[PDB]
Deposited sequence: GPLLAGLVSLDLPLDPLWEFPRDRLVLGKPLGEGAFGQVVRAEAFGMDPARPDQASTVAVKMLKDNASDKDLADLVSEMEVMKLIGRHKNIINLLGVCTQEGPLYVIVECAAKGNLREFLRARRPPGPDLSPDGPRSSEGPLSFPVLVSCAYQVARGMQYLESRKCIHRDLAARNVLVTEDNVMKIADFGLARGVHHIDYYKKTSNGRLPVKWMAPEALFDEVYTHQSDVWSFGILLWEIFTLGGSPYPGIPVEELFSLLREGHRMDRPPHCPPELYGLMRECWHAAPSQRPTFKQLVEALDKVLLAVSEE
């Protein structure tokens, strides 16, 4: 290709060993990288690599270039998936990002649900599941801090959801795909994903009905994500098909308070779903409110 060389970010492609596919449409693969830190040139790390497939158009190339450049602009934060390097010279375009070992937050939560109540005899910690209330609040706090950072860089996510938050080996939350092209003028609202998700159920009403996105549209989505956290990966608006969702949103319907969820947290959810965007909290306010809950842990 004739892509310009950016020495700040270029990484030698022969220091990558490509491995297992992580997603395909182009594709993302898991890889081992050697010397991502130039101070440790022989040290291995595990990364995710985005690339085009042989079919790709000039438009697909421009889209991946745009995604690479937006990640350079937005800069680094602990609670987002960060750009690590690019391979633009002498070979196919690769964009290399952090790889979160524990997968996405929806699956992380669902896999850590306590078992059913009559499966096995009681034991020393049978009343404890893996996930405690302060760790659930911390997950929410970390996503709010990531979104506050992205907002400060003028980034509207437009699909914020537990499936788009990834979990590291140390249980750090990292927002995924914040610079991904989302084709907002051609959304199939009835679309169900391969894993059963109906992404329309995370859209703020002004985005769904009026095609308007602001940072306060992402606050609505954050409220849905808070509900996913405190249902340990539940699916929003259970038992409501998309046709009925349209009708219920026009009537002001909101999800019920989940079980085992304190009123402080359902309170925050309902603030995030206030009809008027200006009457929803900001991400700065959400960070502060969740910080106070964390500091009140015994």
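According to the record, the deposited residues with no C-alpha atom in the structure span 1-9, 35-36, 310-311.
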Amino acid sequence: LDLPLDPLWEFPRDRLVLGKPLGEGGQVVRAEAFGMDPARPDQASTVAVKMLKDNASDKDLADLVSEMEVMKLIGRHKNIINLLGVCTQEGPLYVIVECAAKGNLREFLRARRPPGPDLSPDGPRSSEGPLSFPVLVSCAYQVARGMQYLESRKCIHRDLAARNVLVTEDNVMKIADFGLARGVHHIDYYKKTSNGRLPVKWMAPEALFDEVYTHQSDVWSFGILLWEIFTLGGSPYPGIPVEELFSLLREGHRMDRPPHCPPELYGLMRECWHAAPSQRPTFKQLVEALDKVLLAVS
From here on, numbers count along this sequence of modelled residues.
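For the two forms, the rigid core is made up of the largest set of C-alpha atoms that agree within 1.5 Å on superposition.
With each structure aligned by its rigid core, the stretch whose Cα atoms sit farther from this model in 4 other deposited structures of this protein, between 265-273 and 58-66, is 58-66. The stretch that moves more in 4 other deposited structures of this protein, judged by CA deviation after a rigid core superposition and choosing between 211-219 and 117-125, is 117-125. Here 172-180 and 219-227 are compared by their mean Cα B-factor, and 172-180 comes out higher. In this entry, 184-192 has the higher mean Cα B-factor, the comparison being between 144-152 and 184-192. Sorting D159, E98, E128, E107 by the CA temperature factor given in the entry leaves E128 at the top. Highest CA B-factor among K50, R257, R270, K59, as stated in the entry: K59.
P124: CA B factor lies in the highest third for its chain, per the PDB record. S45: CA B factor in the middle third of modelled residues in this chain (values from the PDB entry). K284: CA B factor lies in the middle third for its chain, per the PDB record. Remark: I74 belongs to the highest third of its chain, ranked by C-alpha B-factor as recorded. In the deposited entry, the Cα temperature factor of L290 sits in the bottom third of values across the chain's modelled residues.
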